[PDB]
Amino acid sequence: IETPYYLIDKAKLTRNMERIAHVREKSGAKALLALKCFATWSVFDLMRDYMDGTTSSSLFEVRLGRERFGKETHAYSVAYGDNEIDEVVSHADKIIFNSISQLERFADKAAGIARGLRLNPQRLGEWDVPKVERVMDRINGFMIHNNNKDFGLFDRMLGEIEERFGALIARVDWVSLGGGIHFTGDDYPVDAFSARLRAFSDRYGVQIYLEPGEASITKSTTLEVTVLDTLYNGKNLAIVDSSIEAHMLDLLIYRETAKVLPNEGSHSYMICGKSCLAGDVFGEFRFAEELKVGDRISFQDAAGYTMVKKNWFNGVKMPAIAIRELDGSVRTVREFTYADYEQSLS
């Protein structure tokens, strides 16, 4: 009810889930939710019916995956600590190491569960075939990541990978290929994409893992804000009860804008957060009627990489997490209060 709040629509999430289900059946591949992108666990009950588990990159994520999602739990991390590696292992079905040194340091601890290594086919992952051959005895699979704007690109990226590591991929029995692939987008060639995954899986005799983050949750969630103030300094301005630094940090980090629908009308306003930063700007949009204090605005496609990195910048009110249920009913899962804010600080 009270702005700001993230709103996840179960129906829109459903549509994506049904699209993942088809890809899984058509492709033979398994789809794991990338928790680094989306970890709002109160909707896992829905998502788990359609996916194969989760993929994580920290202790907290692998634990959340095991306790709230279940099914297959993969564990990755750029680097594990000695202090945490046992608990990571206890939660994971598979563990993937970023490097050989890491592999060598922890493989003994990860006895009992399938172990993997990340390969780099161009930072992260090994590249040196001859070097990797020496540890083949210790691992079961690979994570190979390189993201896909179109499908043509993916196909090429996949080829580039055979040429690099085909010989190695042949001697193992699973591979995960990461995310970046928009195979839940309306006009994506799902059939050809699946065919291609079967070709790779038959050739090498491996189980393919997909790690959709964005594709799991595109166009399912909105950020609902209220207009607090309106003004003219070169352009029509509107300030809303939100801040891109606190609530949509990727906009700021990557100097991107938000989405509003429809983006039509005669009045364009540039939309800003409740703070005084140069950058604090959702973007510039069009509306049919003039903006007034009290008006409601929805930023679209706000589920990925946002709630997972919201913060208390300036002590601005943190947006509640809410769900629209399949029947149209809207319920609040989580309100953040003064207490939350105070406890984050000491």
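In this text, residue numbers run from 1 along the sequence as written.
Report task. Report, from the record, the number of residues in the deposited sequence between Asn147 and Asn148 that have no coordinates, as none, 1 to 3, 4 to 9, or 10 or more. Result -> Per the deposited record, the segment joining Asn147 and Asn148 lacks coordinates for 1 to 3 residues.
Query raised in the report: Relative to the deposited sequence, how many residues with no modelled coordinates occur between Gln122 and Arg123 (none, 1 to 3, 4 to 9, 10 or more)?
Result: In the record, 10 or more residues between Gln122 and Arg123 lack coordinates.
Query - Given 52-60 and 284-292, the range whose Cα B-factors average higher in the PDB entry - result: Averaged over C-alpha atoms, the B-factors run higher in 284-292.
Query raised in the report: With respect to the recorded C-alpha B factors, which stretch has the higher mean value, 190-198 or 264-272?
Result: Comparing 190-198 with 264-272, the higher mean C-alpha B-factor belongs to 264-272.
Report task. Check the PDB entry and point out which of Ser216, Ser243, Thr73, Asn233 has the largest C-alpha temperature factor. Result -> Out of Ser216, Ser243, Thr73, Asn233, the record gives the largest C-alpha B-factor to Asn233.
Requested in this report: Could you check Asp250, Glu224, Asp155, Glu211 and tell me which one carries the biggest Cα B-factor in the deposited entry?
Outcome: Of the options given, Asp155 has the highest CA B-factor in the PDB entry.
Query raised in the report: Once the chain's modelled residues are ordered by C-alpha B factor and cut into thirds, is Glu25 in the lowest, middle or highest one?
Result: Ranked within chain, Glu25 CA B lands in the highest tercile.
Query raised in the report: Based on the entry's values, in what third of the chain does the Cα temperature factor of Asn140 lie: lowest, middle or highest?
Result: It belongs to the highest third of the chain when residues are ordered by C-alpha B-factor.
Query raised in the report: Considering only modelled residues of the same chain, in which third does the CA B-factor of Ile181 rank: lowest, middle or highest?
Result: Within its chain, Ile181 is a middle-third residue by C-alpha B-factor, going by the deposited values.
Requested in this report: Name the third of the chain's ranked CA B-factors that contains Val172, choosing lowest, middle or highest.
Outcome: Its C-alpha B-factor belongs to the highest third of this chain's values.
Report task. Among all modelled residues of this chain, ranked by Cα B factor, put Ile96 in the bottom, middle or top third, i.e. lowest, middle or highest. Result -> Answer is lowest: the recorded C-alpha B-factor places it there.
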